């Protein structure tokens, strides 16, 4: 499995629109058929002087379990795109594993407006691409994605109907974790 290659950030994006509020994933497209569990995700990205920090949450909708991470990376010279190393943490942000040199993710912002975003995430370990996920985001749980972001899906060469919608998954969020 190789992460999707036709990936670079949309030029002209206002970073203040992306690094704002919090995001909830309303739709995701995970390329790997062997990932049968479905997830919900929410995260709160912030940037200062080209360094991105973000508290990240996953909910496994089948097992009904949640896991927590803090990513830290540098903005690329290309725009709204960054490769993050990450801590693994508990719900209180106590560190279980510090960031390391072999585990990372690369997030690329493909569209972002006042209400909504389309981002791509490649999770890697060493020489290996572990996960490839496109996510449509909104600022509130089950809010409708913007027309501009729906266009961006099509612009990315994708079909929104092929994504998994998170509304029907029985998502549970931890809004205290993502606040900050």
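Positions refer to the first chain, counted from 1.
A summary of the deposited B-factors shows that, of 106-114 and 73-81, the stretch with the larger mean C-alpha value is 73-81. In this entry, 120-128 has the higher mean Cα B-factor, the comparison being between 133-141 and 120-128. Each of 13, 164, 25, 169 has a CA temperature factor in the record; the biggest one is found at 13. The PDB entry assigns residue 146 a C-alpha temperature factor belonging to the middle third of its chain's modelled residues. Compared with the other modelled residues of the chain, the Cα B-factor recorded for residue 41 ranks in the lowest third.
Ranked by Cα temperature factor within the chain, residue 35 sits in the highest third according to the deposited record. Looking at the C-alpha B-factors along this chain, the one for residue 60 belongs to the lowest third. Among all modelled residues in its chain, residue 99 ranks in the highest third by Cα B-factor.
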